[PDB]
Structures are given as C-alpha cells and as structure tokens.
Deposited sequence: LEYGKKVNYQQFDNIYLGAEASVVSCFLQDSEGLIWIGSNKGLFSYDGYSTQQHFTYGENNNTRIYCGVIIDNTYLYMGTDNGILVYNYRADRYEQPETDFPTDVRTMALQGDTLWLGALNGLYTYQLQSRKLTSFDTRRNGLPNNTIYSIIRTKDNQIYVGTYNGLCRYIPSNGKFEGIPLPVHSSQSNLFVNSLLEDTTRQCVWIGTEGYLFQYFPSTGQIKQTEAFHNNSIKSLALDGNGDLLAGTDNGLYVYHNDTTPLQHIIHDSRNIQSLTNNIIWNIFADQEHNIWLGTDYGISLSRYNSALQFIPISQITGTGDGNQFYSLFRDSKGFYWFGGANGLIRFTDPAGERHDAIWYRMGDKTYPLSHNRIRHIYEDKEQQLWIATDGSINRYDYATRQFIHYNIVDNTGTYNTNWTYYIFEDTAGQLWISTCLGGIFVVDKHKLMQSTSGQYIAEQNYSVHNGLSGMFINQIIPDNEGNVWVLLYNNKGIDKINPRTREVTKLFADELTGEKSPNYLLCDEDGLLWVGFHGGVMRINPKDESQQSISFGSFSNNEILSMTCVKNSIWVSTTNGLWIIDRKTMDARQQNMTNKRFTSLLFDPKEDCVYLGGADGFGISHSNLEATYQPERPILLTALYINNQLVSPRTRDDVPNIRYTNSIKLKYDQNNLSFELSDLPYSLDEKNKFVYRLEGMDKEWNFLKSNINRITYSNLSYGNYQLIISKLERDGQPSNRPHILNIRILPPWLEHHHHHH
C-alpha cells in the first residue's frame, strides 16, 4: 500500500462517505454534495445544484438491481441508475439516515433519531426505540447483518444485537471507558475467515466472536477514532481512522500505518478515512475528507468452474485439452466438461459424468484426453476408454481384453495413435494394449480382443504404467509406477529394454513423462527432471531445498517446459535446463498451452488459472465497453435533465433530432484495476471509411455536423497484437430529417 491513484470530485465535493458498485461494475460515490459515478477515466455528477438531490450522502445500498438508496439529511434518495431518474416512493422516510443494511427483503435503517425497518414489498415502516425495545440509544451509526442472519446495531452509546423471537435488543457489553462519556460504535464488519465481527470505536478496535461471546481488544489507537472497516484481497483487516489507515494481518505481524505525505502526490489523499470499500476485483477504494485514494489489486486470473456452468459442483482437473475443432475439454476427478470461450461470457458447457440422465460416462475419473490422426477424440478413464461422437454429442465406451485373462482396459491411464493406424493404450493392472483403431471402431461387440499386449511375461518391468510416449523414430517409451527407470519398446521387433535404471531409482523413482517438439523426452521425479535424447544421448537438474515436492504436472511452452509442483511452478529453458520458480499459493495438477490464443491454462481445485506465455505479467480478463456519457451540442445530456434523450449506457439504438447532430461520446471498459489503460479504435459507419485510433488517455469520441440518415458508431479494443477486436460495442444512430421530428426519442 505504498502508492495510490488519487481521484477528485471538485472543490465543493471534497468529502466521500461511501461507495457502491453496481452488478455491472460501475463505481458510485457518495459525496457531501451528492451522487457521483466514476468510470475509470472521469467522474460524472448525478445531481443538479440547489435541488433536494444536491445533498450530502451518508450511506448507500443497491435495491432490486436498479436503485441506489442513499442516506440523507432529509431521509432517503432513491436513484434509478438504469432509468437515470430519481424515483421517490410515497413512504415518509425518517430523517438523518446514517446507515443501511439489507436483510432479505427488509431494509434496516439507522438514523440520528431511530432504528427502523422498511419492508420493500409492503413498504411497512416499523420503528424501534429505547423504551419499547431496549436499544441502548436511538442514534444509530452502524448496522450489519451476518451470514447467519443476525443483525448487529452500533449506536451513540453501545453495540447490541436483535432478538427476533421477542422484538428486543441484547447488549454486547463492550468496555466502558473513563476517558469516554459515551460509547461510539462507528463501524462494524463481519469476518467469515476469522469468524468475528470487527468493531470500530473511539480508541479501540475490537474483535467480537459470536461463537463464545469473547470480546478481544485487538488494538488501541490512543486518540484516534476508527471510522471505517474492510477486508482486503489478502484477507487483511483495514481500519480507516482520523489519522490514516492501519492494516492488520495477525497478532504477531506488526501493523502497517499509512499516512498522507503533503509532498507526495501518490500518497494517501487525506488522513481522515470515512469509508473503505473492496470492489468486486478486490481493489481498495478509500473515501476521505479530501478525495478518493484507489489502491489497485494486482495478480493470474482464476476461473472457478461455476463461471463455466454454475452449477456449483466441484472437479479436480487432471487433463486439459483443446481440440482442432476449437472445443475445450477439462476433465478430472468428477468427469469431463466441454465448453467454449474460457471467459468470455457464454460457454454452452456440457458436463459428462457417471449417472447424468442426458450426458453419461462409464466413470468420472478422467486420466487423459487425446485427439488422433483423423481428428477423433479419445478419453482414458477408470471405466475404460471412450471415443466422442460429435454428431450425437455422446461418448462411445469400449471394453478391451488381451487374448487370455485378465488383462483388460477398465483402468486406462494413457492413449495415443501411432503412424500405422494402431491405438496404444496404457493400463493399470493390464499392461499396454495395441489395437487396430478402425477395427475397434467398426466392432459390433463385445469386448474386443486386442491385437497385441505388452506384459512382463515377454517384456516390461511391471504392469502398472502411467504415460506411454512415442519417438521421433517410432519407439514407445513407458513411464512406470514405483519402478526403476523407463522401458523402451521397439514395436517392429517387439524388443523391450529397461534404461536409466542406474539413476532413475529410489528417491529419483520417475513419475512423469513428456516428449517436446524437438523429439527429446523429459522425465519428472522427486526434486528434478531429466532430459533424454532417445538415440544419440542418454542428464539431470534439481530444485534444491524443496525437496520435498513433488511433480504434479509438466507441459511445453515455446522453448520452455513448465513444471507444476506442490511447492510452486517452475519454468525451465529447454536448451540450457536453467530453472526459475514463480509465485499464487495454488497448487496445479494440470497444464495446457494454447498456442493460438498464446496463453496457458493451469488446472486445479474447483477451477483453473490463465496466464500469458510470458508470465510477465497478468492475463487481463475481457471487459465489455460501456458508453458512459452522451453530449449533444457540447452539453452533457441524460434522462435526469431531458425527456428526449435515453441513458446512453443501456442504449443500443438512438433517434435524435435534425439539430441534435453534434455528438460526443465517452467510452470505458472500467479499467479500475489497470496501470496502463487499454487502447481503442472507433469508426462511424455512414461516414468514416476506416478506423480511427484514440490516444490511450483519451476516451472521448466526437462527431460534428451530421446530415440526417442512419449511422453506426463501432468501438473496439485494440487486441494485444495491434489488431482491432471483432466484438465491438455498436451504437445505432439515426439523425431524423426536419419533417420527421415526432419520432424523437421519448421518456
């Protein structure tokens, strides 16, 4: 938290008391003069001077996914952010609202002179006081609602909890201080992980634990006041005070104390922090007595599987693959998911697994995915091998046996096709089978007797074999479970030969195998890898103090090989074998390099990561482009001031008047998290014959003197190879001729 990007609203609106982020990402700011928004590039006010809405905002909450409810001297402003209109409900709200908290469909309202509930359907306003309900005081400064559906209320003179069984309030006996003549509870935060409620008062930061009743005094800030609380992306507690920001990690870690430097423009804007907010990308917004200080969060993108199909089911990913047709195939402990646009909005995901009514599999446990020489897709599972039928969108299961018993294919670990149309199948218990691919495909039944089998009776060091990998000169190399060295099969002569058993033994017992694009084998063991020329050689490196280990997954990425490990991730150059370790604390059991989109998928527990081929640095998620301001004849226009203009943010098509033909436009992909802004191009179909390029600091498109007719403004993000996007934001624009005025847009 050494640096900030500071944002200001104007000389009048120096004081920021709260933030909200709408479901679609736009940040809203409550200021001493009213509501603003900020789109990453500039601020925008949503209030007119002198009006009831040109007022100080104390607090805020989003209702019905369309309204901002704001606390105010004169009660509650309801702003419809989609309509861009103030829509006042008939209710006579109490005045001096300081804090709001949603509980189901009932809004708690804390005010300078009462506690209330507002039922959003019936609009029933119910009041709670000292005499009738046992509140310690009628002046409410904070209310929160915990995940276990309890309601905490912090007043001018103490903290309490609601007892719904009987309408009363139960005190939580925070210490009473000699220096104090009343007990301000200013701020309250639930902490799921530490399982407490944080409490901010004058001088003291408490941790209340519901589980046992304990009230821990975590810090004592002599002559400070704690005004705000939040948890950051690292799980750390952030405390806003009247003398800067304090950060808490744990009892043995020193606090961080961050304060304004009047000589440094990147320092915390001001030492009085009225509100902290963690936005949905974990960036920290600080609201102060002079401006906003944004602390950007900085990370890989990690996509939980619910984003692909949600569905909150789990999966531990062990095989990741992209087929020639484009489909992503992510399989593991709990079946195999097919989908497109890793993210991307829509995925039309299908999840194949044991027992699904529509999309079944012989077994959930996926061990390998593979596309063959004819673009046909095979998976290896603990219910034998399956082939996909893209036509039916269903898998076809096969049973394979050797000419005798047992030796079957139920537990298939690895699969590939050779250059002579045969399918190579590695197995647990059953050795390696080689099968005519077309004749198993053409098979009626059973149960198919394999053409050959490699055993241990006539070759092989064991029958418990993970990977089997082929050679630039035709040989098949076999990785074996709990064995010394690797076996090489010569499929012409059938000569099996154990090799490198001198080195790959004991605490170097091998457990991973891959061939790279140059023909060389890479073997993974506990604490290192070894590179083999299969013919004209026969060599090793190590990770050092770590050790323990071990190797969860390996894949080639350009002239590197990425190795994923219990500890972390290692990138090893393929020529020098020099290794470098990276830095989340996530462990990854799966790796796929996608050379087309130049990125690497990292598969793991209930999700997957994405990073560029050069992990320097982050893989930014795709962000839709918003229009965030329309100007006609240079004035900024919107439904709030005009019956004849729509909310540009939620408009695809617009009909303007003959003389509403000098237009400006402001664009944003909400770059709050970014150091550098993204670049854009833009064109006006019906006028421009080519793309126009915007300087990155400039997000205003402007067109003058348009004749009547139809146009399309198309905006596109410059993709990371200089090329425009093929998913632009498109605004249809029609300028109406003088005699068709009446089709001007209305309401």
Inset, instruction - Provide the list of deposited-sequence positions lacking C-alpha coordinates, grouped into contiguous ranges. - result: 1-8, 308, 548, 594
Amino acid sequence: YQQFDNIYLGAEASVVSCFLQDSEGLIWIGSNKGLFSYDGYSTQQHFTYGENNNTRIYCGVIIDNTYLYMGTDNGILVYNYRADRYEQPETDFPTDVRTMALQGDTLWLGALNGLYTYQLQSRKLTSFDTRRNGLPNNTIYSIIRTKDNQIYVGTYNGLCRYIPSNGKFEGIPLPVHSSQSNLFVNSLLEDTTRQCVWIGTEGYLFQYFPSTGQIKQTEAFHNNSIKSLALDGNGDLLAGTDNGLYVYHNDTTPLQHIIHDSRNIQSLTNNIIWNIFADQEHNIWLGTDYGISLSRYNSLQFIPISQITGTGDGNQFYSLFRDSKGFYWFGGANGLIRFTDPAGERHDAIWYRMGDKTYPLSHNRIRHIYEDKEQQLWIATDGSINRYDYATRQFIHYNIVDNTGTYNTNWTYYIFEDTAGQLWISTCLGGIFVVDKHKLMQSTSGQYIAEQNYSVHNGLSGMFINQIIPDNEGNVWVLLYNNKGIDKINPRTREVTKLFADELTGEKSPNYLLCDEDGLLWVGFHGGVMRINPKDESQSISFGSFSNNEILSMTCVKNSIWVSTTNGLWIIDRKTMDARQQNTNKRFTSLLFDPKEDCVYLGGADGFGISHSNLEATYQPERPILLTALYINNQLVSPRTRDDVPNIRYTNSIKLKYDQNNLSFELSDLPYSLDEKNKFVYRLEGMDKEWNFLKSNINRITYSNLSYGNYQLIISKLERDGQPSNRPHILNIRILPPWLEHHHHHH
From here on, numbers count along this sequence of modelled residues.
Inset, instruction - Decide which of the stretches 32-40 and 718-726 has the higher mean C-alpha B-factor, going by the entry. - result: 718-726
Legend entry - Segment of higher mean CA temperature factor, 595-603 or 623-631: 595-603
Legend entry - Top Cα B factor in the deposited entry, candidates 155, 178, 653, 453: 453
Legend entry - Of the residues 147, 168, 531, 82, the one carrying the largest Cα B-factor as recorded: 531
Legend entry - Third of chain Cα B-factors occupied by residue 89: middle
Inset, instruction - Just say lowest, middle or highest third for the CA B-factor of residue 130 relative to the other modelled residues in its chain. - result: middle
Legend entry - CA B-factor placement of residue 124, once the chain's modelled residues are sorted into thirds: middle
Inset, instruction - Name the third of the chain's ranked CA B-factors that contains residue 665, choosing lowest, middle or highest. - result: lowest
Inset, instruction - Using the B-factors in the PDB entry, rank residue 738's C-alpha atom against the chain and give the third, lowest, middle or highest. - result: highest
